[PDB]
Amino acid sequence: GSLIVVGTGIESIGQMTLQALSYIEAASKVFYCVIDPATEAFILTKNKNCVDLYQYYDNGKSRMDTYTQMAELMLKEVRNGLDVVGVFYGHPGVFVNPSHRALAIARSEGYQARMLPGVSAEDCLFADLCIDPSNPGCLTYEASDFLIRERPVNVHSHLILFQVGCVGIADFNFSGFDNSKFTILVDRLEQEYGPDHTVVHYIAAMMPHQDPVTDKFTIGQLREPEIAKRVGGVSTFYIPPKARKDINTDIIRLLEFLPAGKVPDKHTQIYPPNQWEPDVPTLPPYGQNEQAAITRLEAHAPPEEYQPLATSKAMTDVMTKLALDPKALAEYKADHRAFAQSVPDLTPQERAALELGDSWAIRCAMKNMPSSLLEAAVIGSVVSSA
């Protein structure tokens, strides 16, 4: 037996990866927890043997018990010698208890266990809010865990909080959560950021035609019942930096990031600014260096050492096959020589490269195939803090 756990992303159907889909298709048995009905419907057309894990939540039932069951249902089948696929919406290991639970148990018992990544709600937040986690660093917490364990804030970096809709709730209810302890989360955020600092209420669109909720509030507004009512089981908070941290220009020098003895402006960031953030000194989009780079584009030719793609249909076909056909990949991994020998239309260099399996060899083969004469010459909580 074996367990593969895959994701579906957040927005229905379209945010599923190609490999997630091919593993769902190849499974003996599929267990899924998805919250968009069209994704569910899609999944059912792809495998004849699926079980909805959502039926294992209940009113007044500890989510922890639900997660134990979701994990055991998959493990039963793995122990029976089946190739099971677990499917969880988003990324299946981001704020999901039973995926990790089932995988760690499977691994302990000596079964093949693999998780494939997906697009998380945080990934969606980056995209819909056009923020880059690198500028100026990103800290992500579960909201109750943030409270429970008094986890430190970082006011100079992005803050993302999941499960703001179920603060201190160990439970479930089909009617939704009664987020009565929400006020405690606001207290903490006010203590850390002040009632006037920005909080974005974020809900990624689940249907392709839907708009994201990207509502800019102040933390103090979260105390108003009309505002607070809208934060539910699919709500995430984004808290922008309160201030930026100075560049340490002496560390700049030590790293020799810039020419010797030079200094950047300590207070200024790179274009673009973060829309959701209070004003920060930011470089203009088209200063001297940018104009120089743009005027230089006219003179541009590809550098000597740049090597363009130079492959064939047959090579492109086999690589595509290895990515999209789990069976063919398992065959290739079991025996590189036999598999490579069977591939149609491969050049002897392509063949040998595939035979070797080395990343260097394959990359070289795909850049060295001559093409011209010249060249040849909504309640989906799947984790709990408790």
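Note that residue numbering follows the sequence shown and begins at 1.
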Original post:
Do any residues of the deposited sequence lie unmodelled between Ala377 and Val378, and which range holds their number: none, 1 to 3, 4 to 9, or 10 or more?
Top reply: 10 or more
Original post:
In the PDB record, does 92-100 or 227-235 carry the higher mean Cα temperature factor?
Top reply: 227-235
Original post:
As stated in the PDB record, which stretch has the larger average Cα B-factor, 176-184 or 158-166?
Top reply: 176-184
Original post:
Which of these has the highest Cα B-factor in the record: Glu142, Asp128, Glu122, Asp265?
Top reply: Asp265
Original post:
Which one of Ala205, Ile270, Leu116, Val84 shows the top CA temperature factor in the record?
Top reply: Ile270
**OP:** For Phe146, return the chain-relative third of its C-alpha B-factor as stated in the PDB record: lowest, middle or highest.
**Re:** lowest
**OP:** Would you please rank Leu75 by its C-alpha temperature factor against the other modelled residues of its chain and give the third it falls in: lowest, middle or highest?
**Re:** middle
**OP:** Would you please rank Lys321 by its C-alpha temperature factor against the other modelled residues of its chain and give the third it falls in: lowest, middle or highest?
**Re:** lowest
**OP:** Place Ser385 in the lowest, middle or highest third of its chain's C-alpha B-factors, as listed in the PDB entry.
**Re:** highest
**OP:** Could you tell me which third, lowest, middle or highest, the C-alpha B-factor of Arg253 occupies within its chain?
**Re:** highest
